[PDB]
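Written below as C-alpha cells is the structure these notes are about.
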Amino acid sequence: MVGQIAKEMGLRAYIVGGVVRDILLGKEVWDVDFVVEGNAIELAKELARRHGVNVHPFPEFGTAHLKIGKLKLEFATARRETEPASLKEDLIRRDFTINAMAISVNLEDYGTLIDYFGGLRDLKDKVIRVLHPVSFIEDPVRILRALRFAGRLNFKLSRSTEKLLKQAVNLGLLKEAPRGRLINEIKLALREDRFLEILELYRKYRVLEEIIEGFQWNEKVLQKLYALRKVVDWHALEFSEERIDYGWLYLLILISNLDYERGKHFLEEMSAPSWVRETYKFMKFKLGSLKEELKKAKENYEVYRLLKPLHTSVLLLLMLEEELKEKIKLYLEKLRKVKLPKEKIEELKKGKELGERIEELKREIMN
RNA sequence: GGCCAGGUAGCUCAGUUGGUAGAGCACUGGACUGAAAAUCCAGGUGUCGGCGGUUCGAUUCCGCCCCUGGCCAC
Ligand SMILES: Nc1ccn([C@@H]2O[C@H](COP(=O)(O)OP(=O)(O)OP(=O)(O)O)[C@@H](O)[C@H]2O)c(=O)n1
C-alpha cells in the first residue's frame with residue numbers, strides 16, 4: 001500500500017540498507033527501513049491511518065515509526081548528511097556497498113533494485129568494501145562493524161578497505177570514538193553465532209587492545225575460546241532447550257586474565273546480565289577452589305551438592321577441564337534426573353527436616 | 001530497542017543459606033453509645049506483577065511477557 005500512497009502524494013519511497021541486504025541474502029526481517037524523497041512523516045501518518053494503527057512521529061529527526069502486525073516500519077526523509085536530498089546522497093553517507101543499496105516500492109518501477117556503488121557485485125563476491133577512503137575516519141565505530149559483518153556473512157575485506165581500516169586503528173581513532181557506540185557494537189557482536197570469527201578479526205586487527213584497557217592476546221585464552229566453542233556446540237546440541245546467551249561466556253574467557261577492577265568496570269559499561277556478573281565474580285575467585293573440590297570428589301552426592309546450586313554458565317566453564325568434562329556430563333544427562341512414587345513419599349513425610357531426610361534418601365539412592 | 005533498579009495490604013515501606021510472612025493509618029463484627037467517635041478484645045489486613053519450566057515444594061532459580069522510573073543507543 002506504500003507505493004499507492006506514495007503515488008497519491010507524488011513521492012518516491014525506497015527500501016534501504018541492511019534490510020535490502022538481508023532480502024538479497026534471503027533472510028526475512030520484521031524491521032523495514034524506508035527512505036522517502038519528500039516528507040516521510042506524512043507518509044507514515046497516512047499509512048498508519050489507513051491501517052488504523054498508532055504512529056510515532058519524530059519531526060526533528062525527520063523520521064517516523066509505525067507497527068503493523070509483526071512488521072516494524074521506519075520512514076526516514078532523505079538526507080545528504082548525518083535543499084532536498086536525492087536518494088543517492090542518502091545512500092552514499094552509509095558504511096559499506098552491501099548496505100548502500102535500495103529497492104523501489106514505487107508502483108511504476110516496483111521491484112527494482114537500485115545499486116549505485118556496485119554493492120550487488122561485492123555481495124556476490126563476498127566483499128566488505130567502503131564507499132570512500134575517509135569512511136573509517138568519519139565513523140571509527142565502523143571499524144568494528146565491518147569485522148562484525150565479515151564475521152557474520154563470512155565475507156572478506158577488500159585490500160583498499162583493509163588498508164584503510166589498519167590505518168584508522170593505527171591513528172588511535174578507536175580511542176577518540178564515543179565509548180557507548182563501541183560498547184554497543186561489541187554487544188551486537190557477542191549476539192552473533194559466528195561471533196568467534198569476529199573475535200578472530202578483533203585479534204587480527206588488534207582493536208580490543210584499543211577498546212579494552214590492559215587486554216592482551218595469548219594462546220591459552222584462544223584455545224579456551226575454541227574449547228568453549230566445542231562445549232557450546234554440544235550443549236546447544238543435546239541440551240538446546242536449556243540454552244542461554246553463549247557470547248557472554250566468550251567475553252568472560254577474554255577478560256579472565258584481566259584485573260578484577262577493569263573486568264567489573266568493563267562489565268559495568270557493557271550492561272551485562274546479572275548471571276554474567278555472578279559467573280565472573282565466581283570465576284575469578286571461588287572457581288579454583290571449586291575445581292580442587294571436584295578433584296577430591298568420590299561419591300556422586302558430593303558432586304551433586306557442589307554442582308546443583310550453580311548456574312549453567314558455571315558448569316559450561318567447568319567443562320573446559322578435560323578431567324571434569326565427563327563428570328559434568330554425567331551430572332547433566334543422568335545424575336540430577338530422578339523421582340519417587342506416592343506411597344513412599346507419603347511414608348517419608350510421616351519443616352526443613354523433611355528436606356534433610358529427602359537429601360539423605362537421594363544420597364542413599366546415588367551411592 | 002539494551003540495561004539497572006523498583007512491583008509486598010486501600011496507601012506509604014523492610015524481608016536470601018527454598019521450609020508454613022510483617023509495621024504506621026483505613027475493613028468487617030461485637031463489647032461501649034440516645035446516635036457517633038475514641039478506645040479494648042481482637043482478628044480480613046496478601047494466589048508478595050502475569051504466564052510456563054526446574055524442584056517433593058518457588059516471593060527466591062531460570063525463561064517469556066505486563067507496568068513504572070531512570071541511564072542510554074535512538
Ligand atoms: N556509521 C554508520 C552506521 C550505519 N550506517 C548505515 O545505517 C544503517 C544502520 O542500520 P543497521 O541496523 O545498523 O544496519 P543493518 O544492516 O540493518 O544491521 P542489522 O540488520 O544487524 O541491524 C546501516 O545499514 C548502514 O548502512 C552508516 O552508513 N554509517
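Going through the C-alpha cells in order, the chains are called A, B, and so on, while each chain numbers its residues from 1 and the ligands are numbered from 1 in the order shown.
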Using only C-alpha atoms (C1' of nucleotides) and all ligand atoms, tabulate the residues of chain B lying at most 12 Å from any atom of ligand 1, each with its closest atom pair and that distance in Å to one decimal, by chain and increasing residue number, as a Markdown table.
| residue | atom | partner | partner_atom_place_in_ligand_line | distance |
| --- | --- | --- | --- | --- |
| B:1 | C1' | ligand 1 | 22 (O) | 10.7 |
| B:73 | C1' | ligand 1 | 13 (O) | 10.8 |
| B:74 | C1' | ligand 1 | 9 (C) | 11.0 |
Inset, instruction - Would you return as JSON, numbers by chain the members of region 152-327 of chain A that DSSP assigns to alpha helix (DSSP H) on this structure's backbone? - result: {"A": [152, 159, 160, 161, 162, 163, 164, 165, 166, 167, 168, 169, 170, 173, 174, 175, 176, 179, 180, 181, 182, 183, 184, 185, 186, 187, 188, 189, 190, 195, 196, 197, 198, 199, 200, 201, 202, 203, 204, 207, 208, 209, 210, 211, 219, 220, 221, 222, 223, 224, 225, 226, 227, 228, 229, 230, 231, 232, 233, 234, 235, 236, 237, 238, 247, 248, 249, 250, 251, 252, 253, 254, 260, 261, 262, 263, 264, 265, 266, 267, 268, 269, 274, 275, 276, 277, 278, 279, 280, 281, 282, 283, 284, 286, 287, 288, 289, 290, 291, 292, 293, 294, 295, 300, 301, 302, 303, 304, 305, 306, 307, 312, 313, 314, 315, 316, 317, 318, 322, 323, 324, 325, 326, 327]}
Inset, instruction - Just the residues within 12 Å of region 34-49 of chain B, please, counting only C-alpha atoms (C1' of nucleotides), with nothing from its chain fewer than 4 positions along; format it as a PyMOL selection string. - result: chain B and resi 6-10+15+21-23+25-30+59-60+65-68
Inset, instruction - Determine, counting only C-alpha atoms (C1' of nucleotides), which protein, DNA and RNA residues have an atom within 8 Å of an atom of region 94-97 of chain A; residues of the same chain fewer than 5 positions away are not included. Present the result as number ranges by chain. - result: A: 117-120, 122, 128-131, 135, 142, 146
Considering only C-alpha atoms (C1' of nucleotides), tabulate each residue of chain B that lies at most 8 Å from chain A along with its nearest interatomic pair and the corresponding distance in Å to one decimal; arrange the rows by chain and ascending residue number and present them as JSON lines.
{"residue": "B:2", "atom": "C1'", "partner": "A:271", "partner_atom": "CA", "distance": 7.8}
{"residue": "B:3", "atom": "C1'", "partner": "A:271", "partner_atom": "CA", "distance": 5.2}
{"residue": "B:19", "atom": "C1'", "partner": "A:352", "partner_atom": "CA", "distance": 5.1}
{"residue": "B:20", "atom": "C1'", "partner": "A:351", "partner_atom": "CA", "distance": 7.9}
{"residue": "B:56", "atom": "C1'", "partner": "A:345", "partner_atom": "CA", "distance": 7.8}
{"residue": "B:73", "atom": "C1'", "partner": "A:181", "partner_atom": "CA", "distance": 7.4}
Could you save the residues just selected, with C-alpha atoms (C1' of nucleotides), as a PDB file, in the first residue's frame?
ATOM      1  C1'   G B   2      19.810  -2.623  25.566  1.00  0.00           C
ATOM      2  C1'   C B   3      20.383  -2.372  30.910  1.00  0.00           C
ATOM      3  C1'   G B  19      10.700 -24.964  54.556  1.00  0.00           C
ATOM      4  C1'   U B  20       4.401 -22.905  56.905  1.00  0.00           C
ATOM      5  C1'   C B  56       8.633 -33.026  46.943  1.00  0.00           C
ATOM      6  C1'   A B  73      21.534   3.634  21.661  1.00  0.00           C
TER       7        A B  73
END
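By chain and then residue number, the residues within 7 Å of residue 190 (chain A) are residues 186, 187, 195, 247 and 248 of chain A, counting only C-alpha atoms (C1' of nucleotides) and disregarding those fewer than 3 positions away in sequence.
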Inset, instruction - Quick one: everything within 6 Å of region 46-55 of chain A, counting only C-alpha atoms (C1' of nucleotides), minus sequence neighbours fewer than 3 positions away in the same chain. Send it as a VMD selection string. - result: chain A and resid 42 to 43 66
Legend entry - strand (DSSP E) per DSSP on the backbone: members of region 63-273 of chain A, as JSON, numbers by chain: {"A": [63, 64, 65, 66, 67, 68, 71, 72, 73, 74, 75, 76, 77, 102, 103, 104, 113, 114, 127, 128, 156, 157]}
Deliver the residues from the most recent selection as a file, using C-alpha atoms, as a PDB file, in the first residue's frame.
ATOM      1  CA  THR A  63      11.605  10.107  10.820  1.00  0.00           C
ATOM      2  CA  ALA A  64       8.531   8.167  11.962  1.00  0.00           C
ATOM      3  CA  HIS A  65       7.872   4.693  13.361  1.00  0.00           C
ATOM      4  CA  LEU A  66       4.721   2.588  12.999  1.00  0.00           C
ATOM      5  CA  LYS A  67       3.968  -1.069  13.732  1.00  0.00           C
ATOM      6  CA  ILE A  68       1.707  -3.175  11.523  1.00  0.00           C
ATOM      7  CA  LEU A  71       6.161  -5.637  10.907  1.00  0.00           C
ATOM      8  CA  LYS A  72       8.078  -2.690  12.333  1.00  0.00           C
ATOM      9  CA  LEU A  73       8.167   0.150   9.813  1.00  0.00           C
ATOM     10  CA  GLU A  74      10.528   3.128   9.917  1.00  0.00           C
ATOM     11  CA  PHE A  75      10.161   6.003   7.445  1.00  0.00           C
ATOM     12  CA  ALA A  76      13.099   8.397   7.075  1.00  0.00           C
ATOM     13  CA  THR A  77      13.377  11.522   4.924  1.00  0.00           C
ATOM     14  CA  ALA A 102      17.911   0.134  -2.327  1.00  0.00           C
ATOM     15  CA  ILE A 103      14.695  -1.413  -3.652  1.00  0.00           C
ATOM     16  CA  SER A 104      11.992   0.833  -5.120  1.00  0.00           C
ATOM     17  CA  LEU A 113      16.957  -2.844  -7.011  1.00  0.00           C
ATOM     18  CA  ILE A 114      18.907   0.422  -7.086  1.00  0.00           C
ATOM     19  CA  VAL A 127      33.428  -8.420  -0.265  1.00  0.00           C
ATOM     20  CA  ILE A 128      33.233  -5.852   2.529  1.00  0.00           C
ATOM     21  CA  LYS A 156      36.448 -10.571   3.211  1.00  0.00           C
ATOM     22  CA  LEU A 157      37.765  -7.017   3.405  1.00  0.00           C
TER      23      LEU A 157
END
Inset, instruction - Show which residues sit within 9 Å of region 171-175 of chain A, as number ranges by chain. Count only C-alpha atoms (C1' of nucleotides), and ignore same-chain residues fewer than 6 positions away. - result: A: 136-137, 140-141, 143, 182, 207, 210-211
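Residue nearest residue 200 (chain A) within the list A:178, A:151, A:341, A:214: A:151 [criterion: smallest interatomic distance, only C-alpha atoms].
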